[PDB]
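Asks: Once you've had a glance at the structure underneath, I'll fire off some questions.
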Amino acid sequence: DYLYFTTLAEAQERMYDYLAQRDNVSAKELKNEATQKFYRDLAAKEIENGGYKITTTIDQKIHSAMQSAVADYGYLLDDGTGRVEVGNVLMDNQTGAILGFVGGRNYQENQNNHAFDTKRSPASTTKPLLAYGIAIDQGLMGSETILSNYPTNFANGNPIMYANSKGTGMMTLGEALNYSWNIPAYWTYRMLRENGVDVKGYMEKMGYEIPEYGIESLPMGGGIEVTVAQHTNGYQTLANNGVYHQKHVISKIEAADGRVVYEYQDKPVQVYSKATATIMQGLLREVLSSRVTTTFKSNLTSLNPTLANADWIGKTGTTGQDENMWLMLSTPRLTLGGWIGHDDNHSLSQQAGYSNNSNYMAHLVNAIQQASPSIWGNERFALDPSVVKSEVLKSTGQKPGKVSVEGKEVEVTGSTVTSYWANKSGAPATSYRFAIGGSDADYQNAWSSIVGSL
Ligand SMILES: *C(=O)[C@@H](NC(=O)[C@@H](Cc1ccccc1)NC(=O)CCCCCN=[N+]=[N-])[C@@H](C)O
Ligand SMILES: [Cl-]
Ligand SMILES: [Cl-]
Ligand SMILES: [Cl-]
Ligand SMILES: [Cl-]
Ligand SMILES: [Cl-]
Ligand SMILES: [Cl-]
Ligand SMILES: [Cl-]
Ligand SMILES: [Cl-]
Ligand SMILES: [Cl-]
Ligand SMILES: [Cl-]
Ligand SMILES: [Cl-]
Ligand SMILES: [Cl-]
Ligand SMILES: [Cl-]
Ligand SMILES: [Cl-]
Ligand SMILES: [Cl-]
Ligand SMILES: [Cl-]
Ligand SMILES: [Cl-]
Ligand SMILES: [Cl-]
Ligand SMILES: [Cl-]
Ligand SMILES: [Cl-]
Ligand SMILES: [Cl-]
Ligand SMILES: [Cl-]
Ligand SMILES: [Cl-]
Ligand SMILES: [Cl-]
Ligand SMILES: [Cl-]
Ligand SMILES: [Cl-]
Ligand SMILES: [Cl-]
């Protein structure tokens, strides 16, 4: 099944490296196609014939429960666009160990591995990692920072859309994330580009391969295609207080006589500050609780109300013609990545991600807990002590003070809120351009509203 061939493939690659080094083959000799073919064949025969012991990270009872879950409840994905395919990876947040996965609906009917082999755009699930997370890490925004959702066009002249909406006005990062509005994400990434932020440094530390970082739609998964396993590794980094661990299924290969062919080496990397990661956890908690883009919390509360009270955080994504739906879920202990789509890339139904995948993943999470009752954990995500708390205006997301609006030095006061920052000084004083993004026209309209309220 999917586990046998995934494990065999990874074991073969590790045996290939071992045999090449053992036989003292140069990096140069390894470039020779005939020599590579020989060493791949020799690696295969060594596993096939050799009596090696392959130790995996797979929790057999959990992985078996995930297979029974997709057998029993996979039909909940079928939405009247034909048989819907599925991939899921369950990952330990502290180690990057893969405890279990779903390769697809039924290996016997379709062998394609939707957990490790198929690459699709992660759509709006890019936003927390590539846009908001990095902006917070760089001290360019906090939890109650304001972004423009005013209408704006891509560089090709097309309006940036959210279903049938061309946009609204100013909104908090929280509203931007809960709805997954697109314009605020676009302005956030544009701000990173304008400031020359090394985005590629963050994404490559987490093992992402992105060919062009200049794509305006990058935060909406434009110019990005990822496996479920890889993308699960990104959400592992946010959930593990910003510390990446490389995903792995193989922990060790030993000869019969106990000689170590290969052993996984942990190389932890602080990709985001603890402040940034713990701020993002708080925002992604509200994405699921708000139930705007996913019914997941309603589905899970009904199936398993005790498990629904674990500290769930998550994010959804939908490609533009509903070809791909994503739901990424974490507790402090585990991350579960979920993709659905069609092997030939044709459209799912409009609600496939909102309802069907949410319901299926609620069943999958319940099946994992039933197989291993403590595995999700009862720990809460919590703000790191290094987080800076700023009292800011609800209206501007910046500290109270004086601003020049149309000549007249205006005293900006009103309702305040605590904003969480990952810098030293926290939020600055209100400036005229108080938000991420927006045109001179947008700001005229915004300030009109704010002055009216004083
Ligand atoms: C999040 O999921 C948002 N949608 C997307 O991110 C979609 C559509 C989109 C793109 C740019 C600006 C606004 C909306 N992203 C997307 O389709 C990118 C991947 C395209 C790759 C081509 N192959 N395919 N499929 C929701 C909330 O609007
Ligand atoms: Cl399997
Ligand atoms: Cl496979
Ligand atoms: Cl040999
Ligand atoms: Cl086991
Ligand atoms: Cl992968
Ligand atoms: Cl795609
Ligand atoms: Cl524009
Ligand atoms: Cl909201
Ligand atoms: Cl970059
Ligand atoms: Cl990648
Ligand atoms: Cl670039
Ligand atoms: Cl572009
Ligand atoms: Cl591996
Ligand atoms: Cl892997
Ligand atoms: Cl041996
Ligand atoms: Cl830190
Ligand atoms: Cl809730
Ligand atoms: Cl609901
Ligand atoms: Cl979405
Ligand atoms: Cl298909
Ligand atoms: Cl706790
Ligand atoms: Cl907290
Ligand atoms: Cl503080
Ligand atoms: Cl303050
Ligand atoms: Cl600072
Ligand atoms: Cl800006
Ligand atoms: Cl303008």
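Going by the structure tokens order, chains are called A, B, ..., each with residues numbered from 1, while ligands are numbered from 1 in the order shown.
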Would you mind listing, for every residue of chain A within 9 Å of ligand 28, the two atoms forming the shortest contact and the distance between them in Å to one decimal, using only C-alpha atoms and all ligand atoms, sorted by chain and ascending residue number, as JSON lines?

Replies:
{"residue": "A:438", "atom": "CA", "partner": "ligand 28", "partner_atom_place_in_ligand_line": "1 (Cl)", "distance": 8.3}
{"residue": "A:439", "atom": "CA", "partner": "ligand 28", "partner_atom_place_in_ligand_line": "1 (Cl)", "distance": 4.5}
{"residue": "A:440", "atom": "CA", "partner": "ligand 28", "partner_atom_place_in_ligand_line": "1 (Cl)", "distance": 4.2}
{"residue": "A:441", "atom": "CA", "partner": "ligand 28", "partner_atom_place_in_ligand_line": "1 (Cl)", "distance": 4.1}
{"residue": "A:442", "atom": "CA", "partner": "ligand 28", "partner_atom_place_in_ligand_line": "1 (Cl)", "distance": 6.8}
{"residue": "A:443", "atom": "CA", "partner": "ligand 28", "partner_atom_place_in_ligand_line": "1 (Cl)", "distance": 8.5}
{"residue": "A:444", "atom": "CA", "partner": "ligand 28", "partner_atom_place_in_ligand_line": "1 (Cl)", "distance": 8.8}

Asks: Could you name the residues that touch residue 128 (chain A) at 8 Å or less, counting only C-alpha atoms, but leaving out those on the same chain fewer than 4 positions away, as a PDB file with N, CA, C and O atoms, in the first residue's frame?

Replies:
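Here's the written file around-v9.pdb:
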ATOM      1  N   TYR A 132       2.172  37.244   6.296  1.00  0.00           N
ATOM      2  CA  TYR A 132       1.891  37.789   7.646  1.00  0.00           C
ATOM      3  C   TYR A 132       2.994  37.387   8.628  1.00  0.00           C
ATOM      4  O   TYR A 132       3.480  38.243   9.406  1.00  0.00           O
ATOM      5  N   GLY A 133       3.354  36.110   8.654  1.00  0.00           N
ATOM      6  CA  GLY A 133       4.403  35.631   9.565  1.00  0.00           C
ATOM      7  C   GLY A 133       5.683  36.428   9.399  1.00  0.00           C
ATOM      8  O   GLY A 133       6.262  36.867  10.401  1.00  0.00           O
ATOM      9  N   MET A 280       1.160  34.359  15.721  1.00  0.00           N
ATOM     10  CA  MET A 280       0.455  33.742  14.566  1.00  0.00           C
ATOM     11  C   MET A 280      -0.467  32.627  15.079  1.00  0.00           C
ATOM     12  O   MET A 280      -1.545  32.492  14.539  1.00  0.00           O
TER      13      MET A 280
END

Asks: Counting only C-alpha atoms, what is within 8 Å of residue 66 (chain A), bar same-chain residues fewer than 5 positions away, as a short mmCIF file (atom, residue, chain, number, x, y, z; two decimals) with N, CA, C and O atoms, in the first residue's frame?

Replies:
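Done, and the output landed in out.cif:
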data_model
loop_
_atom_site.label_atom_id
_atom_site.label_comp_id
_atom_site.auth_asym_id
_atom_site.auth_seq_id
_atom_site.Cartn_x
_atom_site.Cartn_y
_atom_site.Cartn_z
N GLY A 100 1.71 9.20 10.50
CA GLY A 100 0.71 8.54 9.65
C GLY A 100 0.36 9.44 8.50
O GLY A 100 0.65 10.64 8.60
N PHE A 101 -0.20 8.90 7.44
CA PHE A 101 -0.65 9.69 6.27
C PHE A 101 -1.73 8.93 5.50
O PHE A 101 -1.90 7.69 5.64
N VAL A 102 -2.47 9.69 4.71
CA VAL A 102 -3.44 9.16 3.73
C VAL A 102 -2.87 9.47 2.35
O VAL A 102 -2.68 10.65 2.04
N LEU A 364 -11.27 12.35 10.45
CA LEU A 364 -9.89 11.83 10.43
C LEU A 364 -9.24 12.11 11.79
O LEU A 364 -8.64 11.20 12.38
N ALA A 367 -10.70 9.84 14.40
CA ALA A 367 -10.19 8.46 14.24
C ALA A 367 -8.78 8.35 14.84
O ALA A 367 -8.49 7.33 15.49
N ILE A 368 -7.95 9.39 14.68
CA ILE A 368 -6.56 9.43 15.22
C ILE A 368 -6.63 9.41 16.76
O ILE A 368 -5.92 8.61 17.40
#

Asks: Check the DSSP output for the backbone and give back, as an MDAnalysis selection string, the residues of region 207-386 of chain A in helix (DSSP H, G or I).

Replies: chainID A and resid 218:220 228:239 274:290 296:303 305:308 352:371

Asks: Enumerate as an mmCIF file with C-alpha atoms, in the first residue's frame the residues within 8 Å of ligand 26, counting only C-alpha atoms and all ligand atoms.

Replies:
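Written file, out.cif:
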data_model
loop_
_atom_site.group_PDB
_atom_site.id
_atom_site.type_symbol
_atom_site.label_atom_id
_atom_site.label_comp_id
_atom_site.auth_asym_id
_atom_site.auth_seq_id
_atom_site.Cartn_x
_atom_site.Cartn_y
_atom_site.Cartn_z
ATOM 1 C CA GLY A 139 8.509 44.176 13.023
ATOM 2 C CA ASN A 423 10.018 43.632 17.702
ATOM 3 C CA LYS A 424 11.499 45.624 20.672
ATOM 4 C CA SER A 425 9.494 48.925 20.663
ATOM 5 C CA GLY A 426 6.051 47.495 19.715
#

Asks: Kindly assemble as a Markdown table a list of the chain A residues that lie within 10 Å of ligand 22, each paired with its nearest atom pair and their distance in Å to one decimal, using only C-alpha atoms and all ligand atoms, sorted first by chain and then by ascending residue number.

Replies:
| residue | atom | partner | partner_atom_place_in_ligand_line | distance |
| --- | --- | --- | --- | --- |
| A:311 | CA | ligand 22 | 1 (Cl) | 9.1 |
| A:332 | CA | ligand 22 | 1 (Cl) | 8.8 |
| A:377 | CA | ligand 22 | 1 (Cl) | 9.2 |
| A:378 | CA | ligand 22 | 1 (Cl) | 6.7 |
| A:379 | CA | ligand 22 | 1 (Cl) | 3.6 |
| A:380 | CA | ligand 22 | 1 (Cl) | 4.2 |
| A:381 | CA | ligand 22 | 1 (Cl) | 6.9 |
| A:382 | CA | ligand 22 | 1 (Cl) | 7.7 |

Asks: Throw together the list of residues within 7 Å of ligand 5, counting only C-alpha atoms and all ligand atoms, and drop it here as a PyMOL selection string.

Replies: chain A and resi 58-61

Asks: Rank nothing, just name the residue among A:42, A:249, A:283, A:20 nearest to residue 229 (chain A), using only C-alpha atoms.

Replies: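 Smallest distance to residue 229 (chain A) is found for A:249.
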
Asks: Leaving out residue 4 (chain A) and any residue of its chain fewer than 5 positions from it, which residues lie within 12 Å of it when counting only C-alpha atoms, given as a count of residues only?

Replies: 12

Asks: Could you pull out the strand (DSSP E) residues of region 193-415 of chain A, going by DSSP on the backbone, and write them as a PDB file with N, CA, C and O atoms, in the first residue's frame?

Replies:
ATOM      1  N   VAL A 243      10.211  26.861  15.306  1.00  0.00           N
ATOM      2  CA  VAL A 243      11.394  25.964  15.143  1.00  0.00           C
ATOM      3  C   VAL A 243      11.036  24.850  14.162  1.00  0.00           C
ATOM      4  O   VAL A 243      10.184  24.004  14.478  1.00  0.00           O
ATOM      5  N   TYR A 244      11.670  24.883  12.991  1.00  0.00           N
ATOM      6  CA  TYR A 244      11.568  23.849  11.935  1.00  0.00           C
ATOM      7  C   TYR A 244      12.319  22.597  12.371  1.00  0.00           C
ATOM      8  O   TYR A 244      13.458  22.716  12.828  1.00  0.00           O
ATOM      9  N   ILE A 250      11.643   7.792   7.677  1.00  0.00           N
ATOM     10  CA  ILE A 250      12.729   6.851   8.090  1.00  0.00           C
ATOM     11  C   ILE A 250      13.543   7.490   9.222  1.00  0.00           C
ATOM     12  O   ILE A 250      14.052   8.596   9.034  1.00  0.00           O
ATOM     13  N   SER A 251      13.698   6.790  10.353  1.00  0.00           N
ATOM     14  CA  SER A 251      14.557   7.255  11.470  1.00  0.00           C
ATOM     15  C   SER A 251      15.929   6.575  11.387  1.00  0.00           C
ATOM     16  O   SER A 251      16.937   7.240  11.658  1.00  0.00           O
ATOM     17  N   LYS A 252      15.987   5.328  10.930  1.00  0.00           N
ATOM     18  CA  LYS A 252      17.237   4.548  10.962  1.00  0.00           C
ATOM     19  C   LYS A 252      17.125   3.384   9.977  1.00  0.00           C
ATOM     20  O   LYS A 252      16.028   2.807   9.839  1.00  0.00           O
ATOM     21  N   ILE A 253      18.230   3.088   9.302  1.00  0.00           N
ATOM     22  CA  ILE A 253      18.463   1.812   8.572  1.00  0.00           C
ATOM     23  C   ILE A 253      19.710   1.170   9.164  1.00  0.00           C
ATOM     24  O   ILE A 253      20.759   1.846   9.264  1.00  0.00           O
ATOM     25  N   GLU A 254      19.570  -0.090   9.554  1.00  0.00           N
ATOM     26  CA  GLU A 254      20.636  -0.937  10.137  1.00  0.00           C
ATOM     27  C   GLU A 254      20.779  -2.204   9.292  1.00  0.00           C
ATOM     28  O   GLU A 254      19.739  -2.782   8.891  1.00  0.00           O
ATOM     29  N   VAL A 260      25.021   0.761  11.232  1.00  0.00           N
ATOM     30  CA  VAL A 260      24.092   1.861  10.854  1.00  0.00           C
ATOM     31  C   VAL A 260      24.403   2.293   9.422  1.00  0.00           C
ATOM     32  O   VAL A 260      25.501   2.815   9.176  1.00  0.00           O
ATOM     33  N   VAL A 261      23.478   2.031   8.507  1.00  0.00           N
ATOM     34  CA  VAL A 261      23.524   2.509   7.097  1.00  0.00           C
ATOM     35  C   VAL A 261      23.167   3.991   7.098  1.00  0.00           C
ATOM     36  O   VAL A 261      23.821   4.765   6.391  1.00  0.00           O
ATOM     37  N   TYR A 262      22.109   4.351   7.825  1.00  0.00           N
ATOM     38  CA  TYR A 262      21.589   5.746   7.881  1.00  0.00           C
ATOM     39  C   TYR A 262      20.862   5.964   9.204  1.00  0.00           C
ATOM     40  O   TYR A 262      20.201   5.038   9.711  1.00  0.00           O
ATOM     41  N   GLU A 263      20.987   7.181   9.723  1.00  0.00           N
ATOM     42  CA  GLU A 263      20.303   7.652  10.945  1.00  0.00           C
ATOM     43  C   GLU A 263      19.905   9.110  10.736  1.00  0.00           C
ATOM     44  O   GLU A 263      20.790   9.930  10.387  1.00  0.00           O
ATOM     45  N   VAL A 269      15.906  24.550  13.302  1.00  0.00           N
ATOM     46  CA  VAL A 269      16.189  25.924  12.807  1.00  0.00           C
ATOM     47  C   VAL A 269      15.091  26.854  13.318  1.00  0.00           C
ATOM     48  O   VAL A 269      13.907  26.565  13.078  1.00  0.00           O
ATOM     49  N   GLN A 270      15.473  27.905  14.036  1.00  0.00           N
ATOM     50  CA  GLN A 270      14.539  28.981  14.440  1.00  0.00           C
ATOM     51  C   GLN A 270      14.245  29.801  13.176  1.00  0.00           C
ATOM     52  O   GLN A 270      15.041  30.684  12.852  1.00  0.00           O
ATOM     53  N   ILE A 313      -5.596  25.257  15.907  1.00  0.00           N
ATOM     54  CA  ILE A 313      -5.348  26.419  15.016  1.00  0.00           C
ATOM     55  C   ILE A 313      -5.338  25.914  13.581  1.00  0.00           C
ATOM     56  O   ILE A 313      -5.048  24.733  13.356  1.00  0.00           O
ATOM     57  N   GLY A 314      -5.640  26.766  12.613  1.00  0.00           N
ATOM     58  CA  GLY A 314      -5.624  26.266  11.245  1.00  0.00           C
ATOM     59  C   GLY A 314      -5.821  27.345  10.229  1.00  0.00           C
ATOM     60  O   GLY A 314      -6.014  28.518  10.604  1.00  0.00           O
ATOM     61  N   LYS A 315      -5.735  26.940   8.974  1.00  0.00           N
ATOM     62  CA  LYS A 315      -5.890  27.848   7.813  1.00  0.00           C
ATOM     63  C   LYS A 315      -6.419  27.037   6.634  1.00  0.00           C
ATOM     64  O   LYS A 315      -6.006  25.901   6.490  1.00  0.00           O
ATOM     65  N   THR A 316      -7.288  27.642   5.815  1.00  0.00           N
ATOM     66  CA  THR A 316      -7.856  27.065   4.579  1.00  0.00           C
ATOM     67  C   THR A 316      -7.238  27.712   3.345  1.00  0.00           C
ATOM     68  O   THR A 316      -6.678  28.852   3.432  1.00  0.00           O
ATOM     69  N   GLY A 317      -7.329  27.001   2.236  1.00  0.00           N
ATOM     70  CA  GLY A 317      -7.016  27.541   0.903  1.00  0.00           C
ATOM     71  C   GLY A 317      -7.868  26.900  -0.159  1.00  0.00           C
ATOM     72  O   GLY A 317      -8.320  25.744   0.028  1.00  0.00           O
ATOM     73  N   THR A 318      -8.132  27.663  -1.211  1.00  0.00           N
ATOM     74  CA  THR A 318      -8.993  27.303  -2.355  1.00  0.00           C
ATOM     75  C   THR A 318      -8.293  27.841  -3.595  1.00  0.00           C
ATOM     76  O   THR A 318      -8.043  29.047  -3.600  1.00  0.00           O
ATOM     77  N   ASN A 324      -8.428  22.862  -6.115  1.00  0.00           N
ATOM     78  CA  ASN A 324      -7.676  22.378  -4.924  1.00  0.00           C
ATOM     79  C   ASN A 324      -8.238  23.038  -3.669  1.00  0.00           C
ATOM     80  O   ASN A 324      -8.379  24.260  -3.654  1.00  0.00           O
ATOM     81  N   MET A 325      -8.506  22.250  -2.644  1.00  0.00           N
ATOM     82  CA  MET A 325      -8.863  22.754  -1.302  1.00  0.00           C
ATOM     83  C   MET A 325      -7.799  22.269  -0.319  1.00  0.00           C
ATOM     84  O   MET A 325      -7.334  21.139  -0.465  1.00  0.00           O
ATOM     85  N   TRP A 326      -7.448  23.117   0.643  1.00  0.00           N
ATOM     86  CA  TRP A 326      -6.443  22.807   1.687  1.00  0.00           C
ATOM     87  C   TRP A 326      -7.069  23.129   3.028  1.00  0.00           C
ATOM     88  O   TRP A 326      -7.772  24.135   3.124  1.00  0.00           O
ATOM     89  N   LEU A 327      -6.831  22.286   4.017  1.00  0.00           N
ATOM     90  CA  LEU A 327      -7.051  22.628   5.430  1.00  0.00           C
ATOM     91  C   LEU A 327      -5.844  22.123   6.217  1.00  0.00           C
ATOM     92  O   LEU A 327      -5.535  20.932   6.135  1.00  0.00           O
ATOM     93  N   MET A 328      -5.134  23.050   6.845  1.00  0.00           N
ATOM     94  CA  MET A 328      -3.963  22.773   7.698  1.00  0.00           C
ATOM     95  C   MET A 328      -4.399  22.976   9.143  1.00  0.00           C
ATOM     96  O   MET A 328      -5.015  24.011   9.450  1.00  0.00           O
ATOM     97  N   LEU A 329      -4.158  21.988   9.994  1.00  0.00           N
ATOM     98  CA  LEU A 329      -4.622  21.991  11.397  1.00  0.00           C
ATOM     99  C   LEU A 329      -3.425  21.720  12.304  1.00  0.00           C
ATOM    100  O   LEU A 329      -2.599  20.847  11.963  1.00  0.00           O
ATOM    101  N   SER A 330      -3.376  22.358  13.461  1.00  0.00           N
ATOM    102  CA  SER A 330      -2.358  22.039  14.493  1.00  0.00           C
ATOM    103  C   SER A 330      -2.995  22.090  15.883  1.00  0.00           C
ATOM    104  O   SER A 330      -3.835  22.978  16.155  1.00  0.00           O
ATOM    105  N   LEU A 334       0.729  18.224  17.454  1.00  0.00           N
ATOM    106  CA  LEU A 334       0.639  17.598  16.101  1.00  0.00           C
ATOM    107  C   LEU A 334       0.166  18.635  15.092  1.00  0.00           C
ATOM    108  O   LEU A 334      -0.648  19.505  15.464  1.00  0.00           O
ATOM    109  N   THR A 335       0.604  18.470  13.848  1.00  0.00           N
ATOM    110  CA  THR A 335       0.037  19.162  12.669  1.00  0.00           C
ATOM    111  C   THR A 335      -0.545  18.106  11.730  1.00  0.00           C
ATOM    112  O   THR A 335       0.118  17.081  11.498  1.00  0.00           O
ATOM    113  N   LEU A 336      -1.728  18.371  11.186  1.00  0.00           N
ATOM    114  CA  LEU A 336      -2.372  17.539  10.144  1.00  0.00           C
ATOM    115  C   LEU A 336      -2.645  18.412   8.926  1.00  0.00           C
ATOM    116  O   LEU A 336      -3.348  19.418   9.092  1.00  0.00           O
ATOM    117  N   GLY A 337      -1.965  18.120   7.820  1.00  0.00           N
ATOM    118  CA  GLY A 337      -2.219  18.733   6.506  1.00  0.00           C
ATOM    119  C   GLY A 337      -3.237  17.941   5.717  1.00  0.00           C
ATOM    120  O   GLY A 337      -3.227  16.708   5.781  1.00  0.00           O
ATOM    121  N   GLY A 338      -4.108  18.644   5.001  1.00  0.00           N
ATOM    122  CA  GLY A 338      -5.147  18.041   4.158  1.00  0.00           C
ATOM    123  C   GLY A 338      -5.294  18.799   2.860  1.00  0.00           C
ATOM    124  O   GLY A 338      -5.489  20.047   2.888  1.00  0.00           O
ATOM    125  N   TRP A 339      -5.138  18.077   1.761  1.00  0.00           N
ATOM    126  CA  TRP A 339      -5.495  18.518   0.394  1.00  0.00           C
ATOM    127  C   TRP A 339      -6.635  17.636  -0.110  1.00  0.00           C
ATOM    128  O   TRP A 339      -6.597  16.424   0.178  1.00  0.00           O
ATOM    129  N   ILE A 340      -7.535  18.203  -0.920  1.00  0.00           N
ATOM    130  CA  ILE A 340      -8.413  17.442  -1.844  1.00  0.00           C
ATOM    131  C   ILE A 340      -8.379  18.125  -3.210  1.00  0.00           C
ATOM    132  O   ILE A 340      -8.071  19.330  -3.292  1.00  0.00           O
ATOM    133  N   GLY A 341      -8.664  17.346  -4.239  1.00  0.00           N
ATOM    134  CA  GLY A 341      -8.710  17.773  -5.641  1.00  0.00           C
ATOM    135  C   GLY A 341      -8.936  16.587  -6.552  1.00  0.00           C
ATOM    136  O   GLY A 341      -9.219  15.501  -6.056  1.00  0.00           O
ATOM    137  N   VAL A 388       5.809  41.808  22.632  1.00  0.00           N
ATOM    138  CA  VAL A 388       5.556  43.198  23.102  1.00  0.00           C
ATOM    139  C   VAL A 388       4.066  43.489  22.935  1.00  0.00           C
ATOM    140  O   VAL A 388       3.513  43.210  21.852  1.00  0.00           O
ATOM    141  N   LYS A 389       3.438  43.967  24.007  1.00  0.00           N
ATOM    142  CA  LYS A 389       2.008  44.350  24.041  1.00  0.00           C
ATOM    143  C   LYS A 389       1.924  45.870  23.934  1.00  0.00           C
ATOM    144  O   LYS A 389       2.505  46.558  24.791  1.00  0.00           O
ATOM    145  N   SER A 390       1.301  46.367  22.872  1.00  0.00           N
ATOM    146  CA  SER A 390       1.115  47.813  22.626  1.00  0.00           C
ATOM    147  C   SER A 390      -0.367  48.160  22.732  1.00  0.00           C
ATOM    148  O   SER A 390      -1.190  47.464  22.108  1.00  0.00           O
ATOM    149  N   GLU A 391      -0.690  49.198  23.503  1.00  0.00           N
ATOM    150  CA  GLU A 391      -2.030  49.831  23.481  1.00  0.00           C
ATOM    151  C   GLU A 391      -2.102  50.693  22.219  1.00  0.00           C
ATOM    152  O   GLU A 391      -1.293  51.635  22.081  1.00  0.00           O
ATOM    153  N   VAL A 392      -2.978  50.321  21.293  1.00  0.00           N
ATOM    154  CA  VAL A 392      -3.140  51.038  20.000  1.00  0.00           C
ATOM    155  C   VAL A 392      -4.624  51.356  19.801  1.00  0.00           C
ATOM    156  O   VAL A 392      -5.474  50.686  20.445  1.00  0.00           O
ATOM    157  N   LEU A 393      -4.913  52.360  18.967  1.00  0.00           N
ATOM    158  CA  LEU A 393      -6.282  52.661  18.478  1.00  0.00           C
ATOM    159  C   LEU A 393      -6.798  51.454  17.689  1.00  0.00           C
ATOM    160  O   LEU A 393      -6.046  50.953  16.840  1.00  0.00           O
ATOM    161  N   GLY A 401      -2.087  59.711  19.071  1.00  0.00           N
ATOM    162  CA  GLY A 401      -1.245  60.899  18.838  1.00  0.00           C
ATOM    163  C   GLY A 401      -1.795  61.772  17.725  1.00  0.00           C
ATOM    164  O   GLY A 401      -2.956  61.563  17.318  1.00  0.00           O
ATOM    165  N   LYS A 402      -0.979  62.711  17.240  1.00  0.00           N
ATOM    166  CA  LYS A 402      -1.392  63.789  16.305  1.00  0.00           C
ATOM    167  C   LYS A 402      -0.979  63.405  14.878  1.00  0.00           C
ATOM    168  O   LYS A 402       0.113  62.846  14.702  1.00  0.00           O
ATOM    169  N   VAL A 403      -1.842  63.716  13.907  1.00  0.00           N
ATOM    170  CA  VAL A 403      -1.685  63.396  12.459  1.00  0.00           C
ATOM    171  C   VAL A 403      -2.190  64.592  11.646  1.00  0.00           C
ATOM    172  O   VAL A 403      -3.262  65.114  12.001  1.00  0.00           O
ATOM    173  N   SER A 404      -1.506  64.974  10.564  1.00  0.00           N
ATOM    174  CA  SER A 404      -2.004  66.022   9.630  1.00  0.00           C
ATOM    175  C   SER A 404      -2.920  65.372   8.583  1.00  0.00           C
ATOM    176  O   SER A 404      -2.420  64.574   7.758  1.00  0.00           O
ATOM    177  N   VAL A 405      -4.224  65.659   8.694  1.00  0.00           N
ATOM    178  CA  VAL A 405      -5.305  65.303   7.726  1.00  0.00           C
ATOM    179  C   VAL A 405      -5.792  66.588   7.053  1.00  0.00           C
ATOM    180  O   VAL A 405      -6.431  67.402   7.747  1.00  0.00           O
ATOM    181  N   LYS A 408      -5.000  70.200   8.634  1.00  0.00           N
ATOM    182  CA  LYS A 408      -5.391  70.396  10.060  1.00  0.00           C
ATOM    183  C   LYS A 408      -4.796  69.276  10.923  1.00  0.00           C
ATOM    184  O   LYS A 408      -5.185  68.109  10.735  1.00  0.00           O
ATOM    185  N   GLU A 409      -3.871  69.641  11.820  1.00  0.00           N
ATOM    186  CA  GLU A 409      -3.264  68.760  12.855  1.00  0.00           C
ATOM    187  C   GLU A 409      -4.371  68.195  13.751  1.00  0.00           C
ATOM    188  O   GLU A 409      -4.857  68.944  14.616  1.00  0.00           O
ATOM    189  N   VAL A 410      -4.729  66.919  13.562  1.00  0.00           N
ATOM    190  CA  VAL A 410      -5.913  66.269  14.202  1.00  0.00           C
ATOM    191  C   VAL A 410      -5.435  65.332  15.319  1.00  0.00           C
ATOM    192  O   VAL A 410      -4.561  64.471  15.059  1.00  0.00           O
ATOM    193  N   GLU A 411      -6.024  65.487  16.507  1.00  0.00           N
ATOM    194  CA  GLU A 411      -5.784  64.650  17.708  1.00  0.00           C
ATOM    195  C   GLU A 411      -6.586  63.352  17.563  1.00  0.00           C
ATOM    196  O   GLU A 411      -7.820  63.408  17.719  1.00  0.00           O
ATOM    197  N   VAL A 412      -5.917  62.238  17.247  1.00  0.00           N
ATOM    198  CA  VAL A 412      -6.578  60.921  16.998  1.00  0.00           C
ATOM    199  C   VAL A 412      -6.665  60.154  18.319  1.00  0.00           C
ATOM    200  O   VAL A 412      -5.615  59.721  18.831  1.00  0.00           O
TER     201      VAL A 412
END

Asks: I'd like the contact shell of residue 248 (chain A) - 12 Å cut-off, only C-alpha atoms, skipping same-chain residues fewer than 3 positions apart - returned as JSON, numbers by chain.

Replies: {"A": [6, 7, 10, 11, 14, 55, 56, 57, 58, 89, 90, 91, 92, 93, 95, 96, 97, 98, 99, 100, 116, 229, 230, 232, 233, 245, 251, 252, 263, 264, 265, 266]}

Asks: Counting only C-alpha atoms, figure out which residue out of A:348, A:422, A:284, A:277 gets nearest to residue 83 (chain A).

Replies: A:348

Asks: Near residue 415 (chain A), counting only C-alpha atoms, which residues have an atom at most 12 Å away, once you skip same-chain residues fewer than 6 positions from it, shown as a list in words?

Replies: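 Once the nearby chain positions are removed, what remains is residues 391, 392, 393, 394, 395, 396, 397, 398, 399, 400, 450, 453 and 454 of chain A.
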